[PDB]
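Here the structure comes first, spelled out in structure tokens, and everything after it is commentary.
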Amino acid sequence: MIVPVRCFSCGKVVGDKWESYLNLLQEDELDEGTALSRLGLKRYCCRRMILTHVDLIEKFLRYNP
Amino acid sequence: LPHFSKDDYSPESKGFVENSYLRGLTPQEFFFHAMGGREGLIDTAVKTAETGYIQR
Amino acid sequence: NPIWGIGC
Amino acid sequence: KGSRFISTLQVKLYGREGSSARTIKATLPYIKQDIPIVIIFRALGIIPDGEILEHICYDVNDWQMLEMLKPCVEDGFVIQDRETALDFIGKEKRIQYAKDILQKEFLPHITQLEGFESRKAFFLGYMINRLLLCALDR
Amino acid sequence: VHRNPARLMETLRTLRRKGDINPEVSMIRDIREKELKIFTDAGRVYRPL
Amino acid sequence: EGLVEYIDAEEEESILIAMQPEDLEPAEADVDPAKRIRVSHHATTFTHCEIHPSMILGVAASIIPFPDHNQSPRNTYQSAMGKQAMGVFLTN
Amino acid sequence: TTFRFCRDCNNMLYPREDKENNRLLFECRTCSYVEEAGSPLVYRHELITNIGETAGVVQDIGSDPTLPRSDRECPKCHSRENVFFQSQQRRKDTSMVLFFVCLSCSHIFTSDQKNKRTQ
Amino acid sequence: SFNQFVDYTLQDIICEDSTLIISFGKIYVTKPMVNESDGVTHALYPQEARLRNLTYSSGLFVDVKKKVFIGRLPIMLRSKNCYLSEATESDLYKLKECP
Amino acid sequence: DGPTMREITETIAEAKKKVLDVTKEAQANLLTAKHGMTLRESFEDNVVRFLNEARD
Amino acid sequence: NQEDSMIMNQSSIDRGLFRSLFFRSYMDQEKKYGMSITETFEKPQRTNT
Amino acid sequence: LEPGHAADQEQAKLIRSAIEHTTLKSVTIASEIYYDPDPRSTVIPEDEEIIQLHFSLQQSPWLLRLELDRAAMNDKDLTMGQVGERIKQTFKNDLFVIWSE
DNA sequence: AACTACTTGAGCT
RNA sequence: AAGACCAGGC
DNA sequence: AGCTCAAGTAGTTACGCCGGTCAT
Ligand SMILES: [Mg+2]
Ligand SMILES: [Zn+2]
Ligand SMILES: [Zn+2]
Ligand SMILES: [Zn+2]
């Protein structure tokens with residue numbers, strides 16, 4: 001259901017960081033926690049933001065018209 | 001429970017939860033505990049309106 | 001009570 | 001599988017844990033009153049005593065149970081054969097109906113065929129047994 | 001009835017495990033009473049072990 | 001292959017089920033002061049083992065974290081409120 | 001008690017008195033058969049049972065996995081594989097002594113220590 | 001438990017105290033259909049009956065003795081006569097039916 | 001406390017044996033019936049009063 | 001946050017926390033009679049009734 | 001209790017057993033009905049003595065024996081003398097009864 | 001589901 | 001528009 | 001023919017306040 005712009009908790013932007021993350025996984029083969037850390041996601045408030053998103057939009061997109 | 005030897009009159013069989021919530025119930029303990037609470041919930045869902053009659 | 005003891 | 005009747009069998013046991021008349025009677029489908037087990041047996045195909053106790057009890061050395069049965073035997077001592085057996089269940093007109101309620105109503109599972117009278121008898125025996133197995137705290 | 005059952009038992013049980021008497025059927029031996037329970041019935045809740 | 005069996009409630013009566021597959025088995029020739037105190041497996045009569053105890057739960061509790069740490073009557077409540085939270089019931 | 005039936009028409013046996021000779025008879029009320037008394041005992045009630053504690057113990061009672069294991073040693077074969085339980089007499093007032101069966105005999109030794117039994 | 005009614009059961013039921021002083025034989029259980037006046041018989045699907053408030057049921061035929069139509073049976077989604085039973089991931093997304 | 005969680009464990013172990021003990025002493029008929037109670041009932045009456053005081 | 005009432009951080013409620021869509025579907029038909037008398041779906045006004 | 005006797009332990013019991021309804025049924029381990037036609041000796045061993053020792057300081061040949069419980073006679077507390085005494089006066093002159101000590 | 005009311009039934013002189 | 005049934009709330 | 005005593009059988013009434021779906 002798409003990525004959440006800015007973290008609820010503190011406010012820091014986080015829209016862009018989606019693809020960066022979902023990428024540092026598939027290829028650079030780095031575990032969750034670490035990916036985030038380099039993506040610049042420090043305190044858990046924003047951390048949980050990314051590490052918990054379940055991108056439904058993908059499946060929704062699989063529908064026709 | 002079927003996980004027990006017949007005629008076991010001990011406490012670990014008759015429902016004595018030796019554990020603390022901080023530690024956590026074992027299946028057996030966890031179950032009995034449920035059967036116990038289940039009785040509780042029961043009357044809180046029975047004495048609720050029969051009490052109201054007696055009141056009325 | 002129920003989930004603590006008999007008497008309780 | 002087939003129609004599916006909802007009629008139950010009652011194998012009672014009169015006489016509370018005291019009174020002298022501790023008899024055993026059972027209820028059949030469509031029969032107004034109740035019948036004392038002995039007759040149900042002779043009416044089935046077992047006419048002599050001890051051949052009746054044959055089915056109920058499986059251990060000649062269990063006098064207690066057997067004792068219990070005694071008073072019962074006396075109940076039916078008045079009907080001595082398959083003729084009368086199927087009768088007392090209320091002539092010629094009544095006797096015929098007696099059969100019916102045994103081949104299509106009595107413990108109808110097992111089968112409602114015909115030549116299996118024997119089988120149902122061992123059940124009603126396994127039943128009268130189960131009754132006592134308890135009334136004797138076992 | 002049946003004479004020595006100990007085997008009648010551990011044969012049916014070997015029959016189910018190969019799968020020649022539906023894994024859904026129930027077979028209970030109550031030695032403590034001398035009886036053999038057979039259940040095909042529809043509506044018996046069961047779990048796996 | 002006879003590695004697992006379907007035990008109805010009746011047949012259950014005449015079997016002996018072992019909880020944890022591991023522990024309730026190997027011999028004995030100390031322990032952690034944290035985990036819950038576990039009794040034993042003083043028996044070798046076992047006929048079956050439990051796929052997993054956390055399987056005695058149904059859909060509801062299955063989503064409850066550490067249901068083995070709350071007052072049972074509470075778990076029973078969450079067991080109901082779940083059927084009343086928000087989310088996605090299908091994608092279509 | 002262990003009462004009797006009768007040859008001829010296999011039935012129940014009712015007792016009658018040998019007036020003139022003073023002794024007990026048993027009979028039948030379907031035919032005529034008549035036999036003397038087997039024992040002077042006729043009827044018993046028994047209010048404090050004790051028969052049925054040994055409840056059917058087929059040798060296979062060592063194959064019922066749901067039963068406990070004690071490592072004692074029978075009063076005869078001196079083994080160490082016994083199974084047990086409590087009376088099967090479902091009486092809220094019964095007692096709790098253990099009856100043991102041995103995988104090496106089929107004896108019936110107790111744990112009691114105020115009485116003694118062989119049944 | 002559903003398949004057990006269709007597959008087997010359903011048969012034993014039609015074949016018992018049938019024959020009339022005219023008997024019955026095997027019975028046919030087709031897949032979803034929609035018999036509407038102003039159209040033939042449209043092979044129906046879940047997600048539609050849903051929107052149009054219809055009935056996801058199919059036909060019943062019986063080889064009657066002296067082939068014959070007798071009622072519309074409401075099928076069980078995700079069962080066997082329900083087309084869903086086969087379609088895969090991608091297959092479904094097209095029927096608009098959530099996988 | 002680190003040691004208190006221990007001091008308790010063994011207040012259940014010992015309490016467990018003060019049960020195993022009166023169970024041995026019952027599975028021997030080595031106890032008399034407190035007037036008005038069944039030999040069995042009187043067995044419980046103690047097990048209960050044992051676990052309760054333990055737990056307490 | 002007393003007596004089971006909780007305090008929720010408005011700020012993040014704005015950043016969309018716990019927001020949810022709500023749908024609804026009112027539905028209707030055009031009833032008829034074997035006796036050709038049908039209903040209508042229009043934008044009615046005045047007209048004698 | 002009555003005014004006086006208050007912390008009288010044994011006084012408590014002394015009233016208990018004067019109130020708590022006790023019936024023959026609660027002290028009888030078993031009852032049998034033997035055939036003994038000779039009113040001057042038994043067909044039973046463990047009874048012999050009990051006859052001879054009961055003829056110093058008409059009937060039916062049909063017998064009825066009762067085997068009371070020992071531990072049960074200490075609980076509700078009872079006496080053969082009493083027990084029977086009661087029995088006897090219950091039926092009276094149309095039932096001769098005897099008992100051991 | 002449990003009771004309590006009301007009237008009826010069968011045993012008994 | 002009135003009713004019935006299921007569901008759910010403290 | 002008539003009367004007390006026990007049992008059966010009949011019948012009744014029960015619960016605080018607050019959306020969906022179906023059909024006469
Ligand atoms: Mg509230
Ligand atoms: Zn943040
Ligand atoms: Zn004869
Ligand atoms: Zn031995």
>> In whole Hz and in residue order, list the ³J(HN,Hα) couplings for region F:6-17 that follow from phi through the Karplus curve 6.51 cos²θ - 1.76 cosθ + 1.60, θ = phi - 60°; x for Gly and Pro.
In response: 9, 9, 6, 4, 5, 4, 3, 2, 9, 10, 10, 9
>> For chain I, take every pair of Cα atoms, bin their distances at 10 Å starting from 0, and report each bin as a whole percent.
In response: 22, 44, 23, 9, 2
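In this model, which of A:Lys17/A:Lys59; D:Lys70/K:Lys25; B:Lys6/I:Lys16; B:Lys47/E:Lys37; A:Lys12/F:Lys35 are farther than 30 Å apart at the alpha-carbon?
Numbers: A:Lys17/A:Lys59 20 Å; D:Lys70/K:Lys25 23 Å; B:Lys6/I:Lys16 19 Å; B:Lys47/E:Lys37 41 Å; A:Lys12/F:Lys35 40 Å.
Cα-Cα > 30 Å for B:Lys47/E:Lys37; A:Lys12/F:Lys35; rest within.
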> Is there a simple number for the mean count of other chain Cβ atoms within 10 Å of the Cβ of residues in G:42-54, and what is it?
Replying inline: 6
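Can you list the GluC sites (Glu not before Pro) in region G:1-37 that are in a DSSP coil and have 16 or fewer other beta carbons within 10 angstrom?
Values: sites: G:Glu17, G:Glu20, G:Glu27, G:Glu35, G:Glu36; in loops: G:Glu20.
Those that pass, being in a loop and sparsely packed, are G:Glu20.
How would chain E be classified by its alpha-carbon gyration tensor: rounded, prolate or oblate, with rounded meaning a/c under 1.5 and the a/b versus b/c comparison settling the rest?
Values: a/c = 2.12, a/b = 1.41, b/c = 1.50.
Here chain E falls in the oblate category.
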> Using alpha-carbon positions, what is the distance between the centroids of chain J and region H:23-76, in Å?
Replying inline: 35
>> Need one number for region D:63-106: average projected area of the convex hull over its C-alpha atoms, nm².
In response: 4.1
> How many angstrom separate the Cα center of region D:1-80 from the Cα center of region F:1-66?
Replying inline: 47
>> If amide hydrogens are placed 1.01 Å from N in the peptide plane, which non-local residues have theirs closer than 5 Å to the one on D:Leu107?
In response: none
> Which residues in region H:72-97 place their backbone N less than 17 Å from a point set 7 Å from the Cα of F:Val88 along the Cα-to-Cβ direction?
Replying inline: H:89-90, H:92-94, H:96-97
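How shielded is F:73-80 by partner chains, expressed as the average number of their Cβ atoms within 10 Å of its Cβ atoms? List each step's numbers first, then the result.
Numbers: counts 11, 1, 4, 5, 1, 0, 0, 0.
Per-residue shielding by partner chains comes out at 3.
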>> Can you give me the long-range amide H partners of F:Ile7? Hydrogens built in the peptide plane at 1.01 Å from N, cutoff under 5 Å, separation of 5 or more residues or another chain.
In response: E:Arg47, E:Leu49
>> Using 5 Å bins from zero, what percent of all Cα-Cα pairs in region J:10-49 falls into each bin?
In response: 6, 12, 10, 12, 13, 7, 6, 6, 8, 8, 7, 3, 1
>> Students often forget the sequence filter, so: which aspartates and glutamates lie under 19 Å Cα-Cα from J:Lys43 once same-chain residues fewer than 8 apart are removed?
In response: J:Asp28, J:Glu30
>> Can you give the Rg/Rh ratio of region K:39-101, where Rg is from the C-alpha atoms and Rh is the Kirkwood radius?
In response: 0.96
> Under 5 Å between amide H atoms, partner at least 5 residues away or on a different chain: which partners does G:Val42 have, H built in plane at 1.01 Å?
Replying inline: K:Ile33, K:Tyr34, K:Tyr35
> Tilt of helix B:27-43 relative to the longest C-alpha principal axis of chain B, in degrees (0 to 90, nearest 10)?
Replying inline: 10
>> Can you tell me, using C-alpha contacts under 8 Å and at least 6 residues apart, the relative contact order of region G:1-45 as a whole percent?
In response: 30
> What FRET efficiency would be calculated for the residue pair H:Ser1, H:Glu86, taking the C-beta separation as r and a Förster radius of 25 Å, to the nearest 0.05?
Replying inline: 0.80
>> At 7 Å along Cα-to-Cβ for each site, give me the label-to-label distance between I:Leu20 and F:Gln71 in nm.
In response: 3.4
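How large is the translational diffusion coefficient of the protein assembly as shown in µm² per second when you combine the Kirkwood radius over alpha carbon pairs with Stokes-Einstein at 37 °C and 0.692 mPa s?
90
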>> I'd like the mean, over residues of J:12-18, of how many other protein chain beta carbons sit within 10 Å of each residue's own Cβ.
In response: 4
> For chain A, what class follows from the C-alpha gyration tensor (a ≥ b ≥ c being the square roots of its eigenvalues): rounded when a/c is under 1.5, otherwise prolate if a/b is larger than b/c, else oblate?
Replying inline: oblate
> Taking a label point 7 Å from the Cα of J:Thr47 along the Cα→Cβ vector, which residues of region J:2-38 have an amide N closer than 13 Å to it?
Replying inline: J:38
>> As I understand it, the value is the acute angle between the Cα axis of helix I:4-24 and the longest principal axis of the Cα atoms of chain I; what does it come to in degrees, rounded to 10?
In response: 20
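If r is the Cβ-Cβ distance from K:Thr23 to D:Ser20 and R0 is 22 Å, what FRET efficiency results, to the nearest 0.05? Intermediate results must be reported in sequence, preceding the final value.
On the way: r = 17 Å, r/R0 = 0.77.
Once rounded, the FRET efficiency stands at 0.85.
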> Based on the alpha carbon coordinates of region G:1-45, what radius of gyration and maximum Cα-Cα distance (Dmax) apply, in Å?
Replying inline: 10.8, 30
> Which ³J(HN,Hα) values in Hz, rounded to whole numbers, follow from the phi angles of region F:67-76 under the Karplus curve 6.51 cos²θ - 1.76 cosθ + 1.60, where θ = phi - 60° and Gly and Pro get x?
Replying inline: x, 8, 9, 10, 5, 3, x, 6, 3, 4
> Given G:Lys116/I:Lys24; D:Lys91/D:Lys120; D:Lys32/D:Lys104; I:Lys34/K:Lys76; G:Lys92/I:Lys34, which pairs have Cα atoms separated by over 20 Å?
Replying inline: D:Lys91/D:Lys120
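By the gyration tensor of its Cα atoms, with a ≥ b ≥ c the square roots of the eigenvalues, what is the shape of region H:23-72: rounded for a/c under 1.5, prolate for a/b over b/c, or oblate? Please list the in-between numbers first.
On the way: a/c = 3.51, a/b = 2.28, b/c = 1.54.
Since a/c reaches 1.5 and a/b is larger than b/c, the shape of region H:23-72 is classed as prolate.
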> How large is ³J(HN,Hα) for each residue in region G:104-119, as worked out from phi by the Karplus curve 6.51 cos²θ - 1.76 cosθ + 1.60 (θ = phi - 60°), to whole Hz, x for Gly and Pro?
Replying inline: 10, 3, 4, 7, 9, 8, 8, 10, 3, 6, 9, 9, 8, 9, 10, 8
>> Cut-off 10 angstrom, C-alpha nodes, Gaussian network model of chain G. Which of G:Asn22, G:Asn50, G:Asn82 fluctuates the most?
In response: G:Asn22
>> Between H:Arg52 and I:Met5, what is the label-point separation in nm under the 7 Å Cα-to-beta-carbon projection?
In response: 6.6
>> Quick check on packing: order F:53-59, D:22-28 by the mean number of other C-beta atoms within 10 Å, highest mean leading.
In response: D:22-28, F:53-59
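Cβ neighbours within 10 Å, averaged per peptide: list G:1-13, J:18-30, K:16-28 in order, most packed at the top. Walk me through the numbers before you get to the answer.
Values: G:1-13: 16.3, J:18-30: 5.9, K:16-28: 11.5.
In descending order of packing, they fall as G:1-13, K:16-28, J:18-30.
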>> As a footprinting exposure proxy, order D:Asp49, D:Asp137 by other Cβ within 10 Å, with the fewest listed first.
In response: D:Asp137, D:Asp49
>> Between 0 and 90 degrees, rounded to the nearest ten: what's the tilt of helix E:6-18 against the longest Cα principal axis of chain E?
In response: 20
> In nm, to one decimal, how far is the G:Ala55 label point from the G:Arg90 one, both placed 7 Å along Cα→Cβ?
Replying inline: 0.8
> Hey, which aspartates and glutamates would be in cross-link range of D:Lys99, C-alpha to C-alpha under 15 Å, not counting anything within fewer than 8 residues on its own chain?
Replying inline: D:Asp81, D:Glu83, D:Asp87, D:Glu114, D:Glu117
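Every read-out reported here was derived from the displayed coordinates using simple, explicitly stated rules and does not represent laboratory data. In this analysis, Cβ positions are derived from the backbone assuming ideal geometry, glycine residues included, and neighbour counts consider all displayed protein chains.
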